[PDB]
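Architecture and fold: a report
The residues making up each chain are set out below.
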Amino acid sequence: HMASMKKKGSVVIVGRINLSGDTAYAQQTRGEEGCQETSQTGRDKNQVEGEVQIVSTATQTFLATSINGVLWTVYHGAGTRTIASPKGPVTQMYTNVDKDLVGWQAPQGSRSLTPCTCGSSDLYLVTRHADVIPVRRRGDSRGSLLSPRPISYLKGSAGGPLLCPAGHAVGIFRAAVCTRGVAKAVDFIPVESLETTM
Ligand SMILES: COc1cnc(O[C@@H]2C[C@H]3C(=O)N[C@]4(C(=O)NS(=O)(=O)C5CC5)C[C@H]4/C=C\CCCCC[C@H](NC(=O)OC(C)(C)C)C(=O)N3C2)c2cc(Cl)ccc12
Ligand SMILES: [Zn+2]
């Protein structure tokens, strides 16, 4: 019935992938119970840092990447959900189910990657475990892993970046190309598709 209809939670930032050292590592900034509360209220008073966020809904965890002042992630992860912020829930600024892309205004304190202009096919995929994986660009939206990995390794990383050697955002990871449970390639949303969206 209509009087007791439930709301869907906000996406919640629960950690980050630190890329600002000589070492990449994941940091958690909020645990599960805290995440649940924040998802319902939408009020997240934590201080955000960096380019790559670890984000959660009540049922899934994945990544989000800031580019040009926008925090971007995958639709199949975020749906049309708001994101928790210091002032309450923030509505998506961009939503495109066909591209599997959503975005919100980037959090105060985050930093954005610059969209890539270098034309390079030597790419680097950043996973939720802070692995930095070399990927050879193969097309507009595809790249090959130099070393194939079981998918289990890539699961939870949709929304993360593909970076060029200069650390320029090239795209947002979206899907794994798989055979017999082995990812041999990745599908991504090119940074150029985000700029058309913007
Ligand atoms: C809303 O539009 C949409 C929804 N879903 C998907 O694709 C789904 C979700 C991804 C996914 O899990 N991403 C992931 C992911 O990690 N998602 S997530 O973070 O874990 C989830 C969001 C919380 C990058 C892949 C990671 C693990 C692989 C597990 C299953 C792989 C199957 C699969 N691959 C496949 O679809 O590839 C084709 C296009 C070549 C046919 C796949 O990766 N996905 C299947 C797509 C894919 C594409 Cl190309 C375009 C749109 C679109
Ligand atoms: Zn470049």
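Residues numbered from 1 in each chain as written, not as in the entry; some residues may be left out. Chains lettered and ligands numbered in written order. Heavy atoms only, no water. Residues with missing side-chain atoms left out of burial classes, pairs and counts.

- In its metadata, the entry names X-ray crystallography as the structure determination method and reports 2.7030 Å as the resolution.

**Topic: the site of ligand 1**
- The local shell around ligand 1 holds 17 residues, among which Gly156, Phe173, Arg174, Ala175 and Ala176 are the closest.
- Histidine 76 has a polar side-chain atom sitting 3.2 Å from a nitrogen atom of ligand 1.
- Where the shell around ligand 1 is concerned, the elements lending two or more residues are α2 (75-78) and β12 (169-179).
- The element best represented in the shell around ligand 1 is β12, accounting for 4 residues.
- Of the domains in this structure, domain 1 (1-113) and domain 2 (114-198) are the two that each give at least three residues to the shell around ligand 1. (Near = heavy atom within 4 Å. Polar contact = N/O pair within 3.5 Å; in protein donor to acceptor, adjacent residues only side chain to side chain. Helix = DSSP H or I, 4+ residues; strand = E, 2+ residues; numbered from the N terminus. Domains from an automatic or database assignment.)

**Quick notes on the UniProt feature "binding site: Zn(2+) 1" (unreviewed entry) in the protein chain**
- If you check UniProt for "binding site: Zn(2+) 1" (unreviewed entry), the listed places come out as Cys116 and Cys118 in our numbering.
- Within the fold, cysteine 116 resides in the loop between β7 (101-105) and β8 (122-126).
- A relative accessible area of 12% places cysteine 116 in the buried class.
- Apart from residues no more than four positions distant in its own chain, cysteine 116 is found in contact with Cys164, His168, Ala169, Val170 and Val191.
- One can find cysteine 118 in the loop between β7 and β8.
- In this structure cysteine 118 comes out as partly exposed when scored by relative accessible area, which is 48%. (UniProt positions renumbered as here; feature names shortened; annotations may be inferred. Buried < 20%, exposed > 50% of the residue type's maximum accessible area, 1.4 Å probe, protein only. Contact = heavy atoms within 4.5 Å.)

**Thoughts on the sheet that holds β12**
- Pairing is antiparallel around the closed barrel formed by 6 strands, whose spatial order is β8-β9-β10-β13-β12-β11. The mean angle between the axes of side-by-side strands here comes to 40°, regardless of whether they run parallel or antiparallel.
- With 3 bridges joining them, strand β11 (residues 161-163) and β12 adopt antiparallel strand pairing. What sits directly across from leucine 162, in β12, is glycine 171. (Pairing = 2+ DSSP bridges. Axes fitted to C-alpha atoms, helices over the stretch in contact; angles between N-to-C directions.)

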